[PDB]
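A, B, ... follow the sequence lines: proteins, then strands. Residue 1 opens every chain. Side chains are part of it too, since the values below use all heavy atoms of this structure and drop only hydrogens, waters and symmetry mates.
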Amino acid sequence: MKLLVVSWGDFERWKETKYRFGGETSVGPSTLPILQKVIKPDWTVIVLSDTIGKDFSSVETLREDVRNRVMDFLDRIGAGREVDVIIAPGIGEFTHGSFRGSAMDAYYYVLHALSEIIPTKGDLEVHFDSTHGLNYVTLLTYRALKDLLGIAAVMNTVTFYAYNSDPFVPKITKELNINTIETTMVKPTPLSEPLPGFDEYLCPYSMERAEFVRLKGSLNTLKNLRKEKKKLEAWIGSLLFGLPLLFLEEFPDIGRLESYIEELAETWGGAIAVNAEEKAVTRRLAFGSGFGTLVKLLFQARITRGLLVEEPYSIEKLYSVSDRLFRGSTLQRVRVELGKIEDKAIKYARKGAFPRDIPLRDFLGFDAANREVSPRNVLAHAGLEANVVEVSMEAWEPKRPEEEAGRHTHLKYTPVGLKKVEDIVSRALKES
Amino acid sequence: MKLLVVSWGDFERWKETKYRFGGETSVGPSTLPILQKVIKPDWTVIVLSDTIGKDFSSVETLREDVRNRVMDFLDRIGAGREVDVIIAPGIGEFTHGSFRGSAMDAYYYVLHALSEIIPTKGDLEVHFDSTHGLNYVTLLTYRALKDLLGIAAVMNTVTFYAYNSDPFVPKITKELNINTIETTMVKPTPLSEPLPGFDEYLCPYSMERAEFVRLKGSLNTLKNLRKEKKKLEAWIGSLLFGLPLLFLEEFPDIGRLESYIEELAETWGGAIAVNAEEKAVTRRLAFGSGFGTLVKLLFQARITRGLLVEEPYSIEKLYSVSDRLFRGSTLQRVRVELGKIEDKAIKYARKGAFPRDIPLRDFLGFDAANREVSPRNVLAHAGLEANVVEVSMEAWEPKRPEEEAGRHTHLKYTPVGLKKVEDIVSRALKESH
RNA sequence: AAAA
RNA sequence: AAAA
């Protein structure tokens with residue numbers, strides 16, 4: 001699936017010019033037609049600054065005013081139906097109004113918007129045009145794209161192209177080439193940051209500190225993350241460190257994460273004070289890093305949702321999860337660890353024993369006086385530590401035990417063992 | 001070490017205004033003086049475009065023109081002269097003259113320039129200003145900056161701050177606030193690229209096929225790299241996959257890497273045609289991804305050179321190297337592998353046994369089942385695979401051998417063994433890309 | 001070329 | 001420690 005993203009400023013002030021790109025030529029005031037003609041994208045995203053808004057009655061009359069004039073202009077040069085328009089929150093003192101807020105709200109807002117548009121299934125071919133955006137909006141849009149495509153690259157092949165035209169110089173211009181300024185095959189980069197302190201999800205820009213303590217107290221998100229923070233960090237660690245059984249058991253509730261983000265989102269929007277006479281928007285809450293982390297976490301969950309197999313969690317299923325999720329030395333580590341448990345299960349099967357609800361240490365046949373659960377042993381053995389995992393073999397009549405054992409041997413963490421592992425993986429994620 | 005990097009356009013076109021930043025305030029046409037007042041950097045880097053220069057009698061009269069005008073502008077404003085100026089190869093047809101070539105030249109040029117500036121020892125606090133920058137130069141400077149800092153963050157703590165001022169609107173503007181648009185603890189990202197084909201180092205932009213083929217065919221770099229490729233990729237993989245013995249045995253020659261980057265950079269430089277009459281700069285050669293990879297490879301080697309030692313490689317040495325290079329489950333896996341060989345050395349020592357030039361499989365006491373060398377076992381055992389490693393125990397008189405065996409036990413790849421590991425690690429680096 |  |  002091919003995707004085109006473009007960073008736009010004040011699209012009206014652009015002049016009639018012609019553009020060359022990929023054995024084609026075009027005439028008009030923007031690059032989008034000839035980009036759409038050569039690239040043939042399955043979908044197009046237009047990131048604009050809201051600061052081009054003129055009518056200041058409220059927030060919906062700014063998001064509307066801007067969307068009216070955008071859709072007018074896309075008709076003028078024929079950009080078709082397959083188009084999403086992200087009106088990011090810009091800032092500054094302009095001719096037709098004022099806009100005050102955190103500069104970084106544009107990143108978090110566009111991160112959030114992109115994370116609902118970019119597909120979570122199949123391979124991605126992403127095309128980015130920086131020709132006519134603001135310096136900071138184009139930079140923040142770029143970083144927001146790469147942050148999400150990095151997570152997408154875990155499960156799928158992701159290629160990224162960035163474009164920019166020859167500079168438009170008004171007095172001496174004949175035609176502007178669309179120069180390719182980047183081509184990269186995007187590296188798989190799973191979420192590798194903990195969830196921050198419960199002060200870094202929404203922050204007060206121009207809100208009184210006593211009023212903040214009031215609204216922070218009413219948000220059900222921060223109270224529900226008080227419980228789940230450690231269970232979610234355990235899942236983040238599962239991908240980063242190669243713990244396939246922890247990946248499955250700690251798999252987050254996607255409906256629940258949707259609702260946390262929706263609440264922080266509409267809480268932010270509802271703190272935007274619009275004065276129609278002073279012509280001045282004021283975003284009194286700013287998005288914190290924690291909002292970013294939840295959006296990246298939800299995106300990583302959607303990307304990997306296909307790998308959440310039905311219980312019980314057998315060796316054959318853990319191999320299958322691992323083969324999709326991990327690469328390099330991590331994948332081979334996990335395969336040797338599962339292979340060890342499988343070979344033991346084969347030996348048992350040949351003797352006609354099928355141990356049920358046996359600690360992994362007893363299954364592998366360990367000495368006593370090594371029951372302490374260490375970081376080293378949890379991370380070095382793909383999270384399959386001898387003192388925190390319980391093994392079960394569902395009894396069957398073997399014919400080819402070397403093939404059957406993997407399907408019939410099931411692993412789970414003991415309730416005590418899962419809390420120790422959560423603590424270890426969460427701590428290791430914070431020391432990073 | 002605090003570093004300020006600043007993306008600039010036509011500084012002569014900018015209007016006088018006021019800037020707010022970190023409690024202090026500033027009158028002037030540029031953000032740099034207040035950025036310096038508040039951040040108090042140890043060194044400042046200004047990144048701007050060739051396309052500002054006005055003298056086409058030579059390519060070196062064109063850079064000293066831009067440099068002189070930049071030096072004069074720093075006098076006009078409060079800014080100090082403690083600065084490096086990077087004049088990147090820009091594109092476009094302007095009134096004062098024309099500039100043609102690959103747009104991606106700016107990326108590779110700035111990457112190269114920054115690799116010679118960014119210190120390869122100590123922690124790094126990096127501050128990046130994009131207010132005055134032009135779109136592509138700023139994206140490409142940001143990109144090149146992050147790519148090098150990611151390699152730096154393997155050995156040292158690196159923090160990245162990014163700034164952009166409120167947008168400027170004529171006469172409405174009283175004071176432009178300088179916003180922080182990024183604050184990042186830079187993740188350790190070792191190089192995960194193979195060296196590409198000999199098509200992708202220098203390419204012809206505007207040059208006859210035969211003249212290019214002559215220039216390409218004159219490069220010592222491409223001939224040497226043909227044979228050196230696999231050892232360098234084996235080294236790249238050692239950082240990525242957690243193979244501490246391969247890191248030491250395959251540590252590249254910095255002199256040769258320096259030599260390859262100088263040659264390709266001079267070939268590119270010398271292929272710039274400056275037409276004095278009709279005011280035109282044509283860069284007849286373009287940099288390829290291969291140039292970028294080499295610049296990054298040398299930077300990573302400079303960053304890690306402090307870990308290298310002479311040929312006898314002890315378990316204690318592999319421990320201390322691993323604890324600097326590796327993190328997460330990769331580090332913990334390496335320590336378990338070393339721990340196993342250490343614990344076997346302790347056992348041997350208590351018996352008064354000190355085996356020499358013995359295969360690791362015989363050292364650990366293995367079956368005759370599996371002699372084949374597989375990617376699975378090479379990558380899962382931190383490259384310490386039983387059929388490619390030789391153990392040597394330097395004889396001593398033990399008293400507390402649990403603490404003594406580490407220094408007196410040494411690991412070597414066999415000549416056959418090392419070639420098997422080079423293939424597996426090289427192939428795995430190319431399959432993972 | 002601080003809204004190609 | 002069936003390369004724990």
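- Atom CD1 in A/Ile46 sits roughly 16 Å away from atom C1' in C/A3 (whole-Å rounding).
- Nucleic acid contact class of A/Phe366 (heavy atoms, under 4.0 Å, all strands): base.
- Taking only side-chain atoms of B/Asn377, from C-beta outward, the nucleotide of D/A3, C/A3, D/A2 with the closest atom is D/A3.
- At the heavy-atom level, A/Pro170 lies nowhere under 4.0 Å from the strands shown.
- Donor-acceptor pairing under 3.5 Å is recorded for the side chains of A/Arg361 and A/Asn387.
- Using a 4.0 Å heavy-atom criterion, one finds that B/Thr17 contacts the bases of the nucleic acid, with or without backbone contacts as well.
- When heavy atoms are screened at a 4.0 angstrom cut-off, B/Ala386 is found touching base atoms of the nucleic acid.
- Heavy atoms of A/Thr31 sit nowhere under 4.0 angstrom from any nucleic acid atom.
- Within 90° of 0 lies the glycosidic angle of C/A2, which makes this nucleotide syn.
- In this structure, B/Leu364 reaches neither bases nor backbone, as no heavy-atom distance under 4.0 Å exists between it and the strands shown.
- Looking at B/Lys174 and A/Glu93, no side-chain N of the basic residue comes within less than 4.0 Å of a carboxylate O on the acidic one, giving no salt bridge.
- Among the heavy atoms of the strands, none lies under 4.0 Å from A/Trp8.
- Nearest-nucleotide assignment on RNA chain D puts the 5′-proximal partner with A/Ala368, out of A/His381 and A/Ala368.
- Put simply, the side chain of B/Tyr19 and the base of C/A2 share a donor and an acceptor less than 3.5 Å apart.
- Distance from the side chain of B/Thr131 is smallest to C/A2 among C/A3, C/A2, D/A2.
- Distance, A/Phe99 CZ to C/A3 P: 16 Å, rounded to whole Å.
- One interatomic measurement links the two molecules: NZ of B/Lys340 to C1' of D/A3, which rounds to 4 Å at whole-angstrom precision.
- Ring geometry, A/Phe99 versus A/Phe94: the interplanar angle exceeds 60°, so the pair is classed perpendicular (tilted spans 30 to 60°).
- Of all non-hydrogen atoms in A/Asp65 and A/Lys54, the two that sit nearest each other are OD2-N, 2.7 Å.
- Among the heavy atoms of the strands lying under 4.0 Å from B/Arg333 are primed sugar atoms or P, OP1, OP2 only; no base atom is included.
- Using cut-offs of 30° and 60° for the angle between ring planes, the B/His127 and B/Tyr161 rings count as parallel.
- The shortest side-chain heavy-atom distance between A/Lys340 and A/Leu364 falls under the 4.5 Å cut-off.
- Within the 4.0 angstrom heavy-atom criterion, base atoms lie near A/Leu384.
- In this entry D/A3 carries a north-puckered sugar, per its positive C1'-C2'-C3'-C4' angle.
- OP1 or OP2 of C/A3 sits under 4.0 Å from a side-chain N or O of A/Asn135.
- At a threshold of 4.0 angstrom between heavy atoms, the contacts of A/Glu385 include nucleobase atoms, whether or not backbone atoms are also involved.
- Contacts of A/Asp166 with the nucleic acid, taken as non-hydrogen atoms under 4.0 Å apart, are absent.
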